[PDB]
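> Any chance you could fold what I've pasted below:
(2 chains)
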Amino acid sequence: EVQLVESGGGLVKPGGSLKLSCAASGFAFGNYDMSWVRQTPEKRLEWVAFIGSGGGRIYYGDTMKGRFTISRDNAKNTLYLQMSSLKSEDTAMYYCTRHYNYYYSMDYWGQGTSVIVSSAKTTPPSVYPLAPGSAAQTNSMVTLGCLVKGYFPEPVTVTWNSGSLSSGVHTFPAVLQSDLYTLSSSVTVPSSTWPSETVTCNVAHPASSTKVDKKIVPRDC
Amino acid sequence: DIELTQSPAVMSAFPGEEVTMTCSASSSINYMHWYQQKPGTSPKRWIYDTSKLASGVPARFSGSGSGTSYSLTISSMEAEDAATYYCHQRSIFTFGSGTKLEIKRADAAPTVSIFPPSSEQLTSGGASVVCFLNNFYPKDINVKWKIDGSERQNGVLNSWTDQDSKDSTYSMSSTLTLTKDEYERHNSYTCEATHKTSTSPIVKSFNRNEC
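Numbers count the residues shown, from 1 in each chain, chains lettered A, B, ... in the order given. Find the structure here:
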């Protein structure tokens, strides 16, 4: 029933601005105090802003320094957060939350909306097949991979045979090399089934709206 | 101001054990709350008002404390309890930094494999050598790279996965990035894993001038 759905996140340059929204369903939105809480890339949680049922009382967190503005429209069951003069340390996941009673625990949370503040620009990935080659294996199982390099921003989603190959998959967290992310994914299959039966990795980058398939084929030596 | 710290930062236990984690305050405050988070999803209300369980919380969980010290306790821990737990209270700007509870299991050596740079990455002037270390335990593990008989530790990046949902193992990638010229200038590439399942390392290698 109770639903908290957030929107408005994205990538912005330092100094810029962005307005986040949080639509509500399932309860009497006007009866409840609401807040925004943010989680930094370091998984640090900070109380960014608070607003009472009526919108008459407001609080902001310590490092906010005048650059945030929280508001609400109890006629459209929507909570807002306007951010100004953004800094890199304002990069975080931003959550819309609801308060329970006057000790101020937070009994419902939204799904989150991601805010990234940097001068970097959106870049599609490169996708390279990882076949064994000069390092051929010789047991009952064989491990293959795909290398995903040079994309911005996160995230990417990796699948194998369009999701059919799900067991035996390890997709590792991306790492930032020079404002560009790099990631690898491995899959293990029976030695008897490759290349007898094809293996393809599927890479999707939503931000650049790119889709690419890479078949894993034995090399020419 | 009034600020919170948590201890321990990381801990692991077998299912069936008692578990306790502590949250302390620089001065006296009351009505402490506790939130549960698992990777990829939002924090979730778990305990509130120092001792009240939120809905859907097993009775194995309990919260207590007063003044400057509070704790969260779990009897007969279950695998599903594994998560990060954060404390917070109505007068605090920054949440406590969290206790991450992980699952203890039987030791296991990694499955290791190494991959030379792909032909198409070479065509673009770059050369990544990739080494996977899959399904080991505990998380602590050492990887060494040797090029042509010499040890190398410059262009290496290491990345671990979260503890696995199904079997509680860890996997990691270890990537050595070079340009094409430096790759073309050496022949033997070795990836070496020293774990505590093994006084003797696990070794995987290739020669560039083959294939």
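
> ok, the most centrally placed residue in chain B to chain A distance?
Among the residues of chain B, the one closest to the centroid is residue B:162, at 5.3 Å (C-alpha atoms, centre = their mean). Separation of residue B:162 from chain A (C-beta to the nearest C-beta, to the nearest Å): 8 Å. Every C-beta, even on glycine, is put in place using the N, C-alpha and C of the backbone.

> Give me the spatial nearest neighbour of that residue, chain neighbours excluded.
Nearest residue to residue B:162 in three dimensions, chain neighbours excluded: residue B:39, at 5.1 Å (C-beta to C-beta, 6 or more residues apart in numbering or on different chains).

> name the element the one you found belongs to?
Using DSSP states H and E, residue B:39 falls within no helix or strand.

> Near residue B:156, how many other residues are there?
Neighbour count of residue B:156, defined by other C-beta atoms under 10 Å in any protein chain shown: 15.

> So it sits against residue B:173, correct?
No: Residue B:156 lies out of contact with residue B:173 (C-beta atoms under 8 Å); the separation is 10.8 Å.

> just to revisit the earlier point, right, and the residue nearest to the centre of chain B touches residue B:82 too?
No: counting by C-beta under 8 Å, residue B:162 does not reach residue B:82; the two are 9.9 Å apart.

> tell me the domain boundaries of the chain?
You didn't pick a chain, so chain A it is. A:3-117, A:126-216 (curated CATH domains).

> try chain B instead
According to curated CATH domains, the domains of chain B span B:4-103, B:111-207.

> which residues sit in contact with residue 108?
Went with chain A since none was named. Residues near residue A:108 by C-beta atoms under 8 Å, 6 or more residues apart in numbering or on different chains: A:2, A:4, A:97, A:98, B:45.

> wait, I meant chain B there
By C-beta under 8 Å, 6+ apart, the contact set of residue B:108 is B:135, B:136, B:137, B:169, B:197.

> swap in residue A:78?
A:21, A:22, A:23, A:24, A:72.

> and of these, the nearest to chain B?
Within these, the smallest distance to chain B is 12.3 Å, found for residue A:22 (C-beta to the nearest C-beta).

> Any figure for the gap between the residue nearest to residue A:3 when sequence neighbours are not counted and chain B?
Among residues not flanking residue A:3 along the chain, residue A:25 sits closest, at 4.2 Å (C-beta to C-beta, 6+ apart). For residue A:25, the distance to chain B (C-beta to the nearest C-beta) stands at 16 Å.

> Surely residue A:25 and residue A:76 touch.
No: in this structure, residue A:25 is not within contact of residue A:76 by C-beta under 8 Å, at 11.6 Å.

> phi, psi of residue B:128?
phi -110, psi 130 (degrees, to the nearest 10).

> What distance do you get for it to residue B:11?
Using C-beta to C-beta, to the nearest Å, residue B:128 is found at 35 Å from residue B:11.

> Compare neighbour counts for the two and give me the winner.
Looking at residue B:128 and residue B:11 with other C-beta under 10 Å, you find the greater number of neighbours at residue B:128, namely 23 against 14.

> Figure out the helix or strand that the closest residue to the more buried one other than its chain neighbours lives in.
In this structure, residue B:128 finds its nearest non-sequential neighbour in residue B:177, 5.0 Å apart by C-beta to C-beta, 6+ apart. Taking DSSP H and E as the definition, residue B:177 sits inside strand B:170-179.

> What is that strand packed up against?
With contacts taken as 3 or more C-beta pairs under 8 Å, 6 or more residues apart in numbering or on different chains; DSSP states H and E, strand B:170-179 sits against strand A:180-190, strand B:126-136, strand B:142-147, strand B:156-160.

> Report the strands that pair with the second one, each with its relative direction.
Strand B:126-136 sits in its sheet next to strand B:111-115 (antiparallel), strand B:170-179 (antiparallel), going by DSSP bridges.

> Secondary structure class of residue 76, three-state.
If you meant another chain, say so; for now it's chain A. Here residue A:76 is recorded as coil under DSSP: H, G, I helix; E, B strand; the rest coil.

> wrong chain, I was asking about chain B
Relying on three-state DSSP, one would call residue B:76 coil.

> Could you pull up the contacting residues of it?
B:15, B:16, B:17, B:18, B:60.

> please redo it, this time with the cut-off set to 7 Å
Applying C-beta atoms under 7 Å, 6 or more residues apart in numbering or on different chains to residue B:76 gives the contacts B:16, B:60.

> Quick check: the gap between it and residue B:61.
11 Å.
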